[PDB]
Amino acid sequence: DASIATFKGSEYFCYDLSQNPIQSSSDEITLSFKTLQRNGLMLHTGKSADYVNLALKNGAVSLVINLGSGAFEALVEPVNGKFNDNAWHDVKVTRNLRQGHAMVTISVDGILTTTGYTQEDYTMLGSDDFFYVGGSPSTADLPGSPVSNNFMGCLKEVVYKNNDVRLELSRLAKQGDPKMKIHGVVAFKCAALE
């Protein structure tokens, strides 16, 4: 079944990427979230040039990413509403450096934005730094992170994939892996946030 976890503000997953560093020309991140809180970090990967930061900021989905030689930031929100309405919301972020040509896509529920541009020079996506889900250490300097709150809510089917591997982070947390470490204790379901 679905891999879910409830974060209460003092918990987060930490997947170690040092031994098996990820490197690819494209990657993709998907997850579903449910929350009542206006601010909180949902995931961050990359303590280096490249990184992806996905958070709730004042009830809006905030995305901050490095894209090769460039940077990209988006803020997404329903009209006459917020995403912290205690309902599931689906997020997908794709990054591509195939030709050089840079391309970023983000969808939240019924809005999709695809942005790109020709870029001659070209690097790699990924990092050897940890993968944080639902929060991060208080003393961690996470680039491109506009929020400092840990997440309070439910995260479902958090997945990272590139051209080489597909990491099912929520499932790995629920089941266990030598590279997956959990700060604190979380129930692997979606508890009544209300």
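Quick note: we count residues from 1 along the sequence shown, nothing fancier.
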Indicate whether the chain is continuous between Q99 and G100 or, if not, how many deposited residues are absent from the coordinates: none, 1 to 3, 4 to 9, or 10 or more.
4 to 9
Please work out which of 45 to 53 and 133 to 141 has the higher mean CA B-factor as recorded in the PDB entry.
45 to 53
Which is higher on mean Cα B factor in this entry, 159 to 167 or 54 to 62?
159 to 167
Given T118, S107, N80, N86, identify the residue with the highest C-alpha B factor in the PDB entry.
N80
Temperature factor at the Cα of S26, chain-ranked in thirds, falls in the middle
Binned into thirds over the chain's modelled residues, the C-alpha B-factor of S127 lands in the highest
